[PDB]
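Chains B and C are the protein sequences, given in the same order. For PDB author numbering, count along the first sequence from 1 and bump the result up by 308. For PDB author numbering, count along the second sequence from 1 and bump the result up by 709. Please read the structure below before turning to the comments.
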Amino acid sequence: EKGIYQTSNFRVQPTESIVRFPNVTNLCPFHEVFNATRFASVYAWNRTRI
Amino acid sequence: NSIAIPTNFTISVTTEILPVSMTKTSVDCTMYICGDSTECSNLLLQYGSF
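In structure tokens:
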């Protein structure tokens with residue numbers, strides 16, 4: 309019928325997504341374990357942490 | 710046998726304040742409950758015409 313009707317709401321959609329995290333600090337000492345002058349023994353095990 | 714009769718008069722102005730209208734609002738039901746969430750909207754559809 310003649311008149312003005314309320315329909316579905318509109319949105320302006322985003323065009324891209326961005327992800328921001330702080331500067332990456334130093335890494336776990338995995339390099340020292342694998343890129344070693346001599347490999348570690350079963351008793352000389354490491355505990356990577358924090 | 711005693712009657713009081715005005716010998717003078719005052720013209721008085723008073724003020725009456727009445728509401729006529731309230732702010733007209735509109736609610737996006739889906740956006741409010743499930744803003745930018747596809748999964749929430751899909752569960753919201755199970756509540757029908759609310």
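Every residue gets a Cβ at the ideal spot worked out from N, C-alpha and C, and that includes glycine.
{"Item": "Where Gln755 of chain C falls: helix, strand or coil (DSSP)", "Value": "helix"}
{"Item": "Closer than 9 Å at the beta carbon, the chain B residues around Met740 of chain C", "Value": "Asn317 and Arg319"}
{"Item": "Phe347 of chain B, DSSP secondary structure in three states", "Value": "coil"}
{"Item": "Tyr313 of chain B - DSSP class collapsed to helix/strand/coil", "Value": "coil"}
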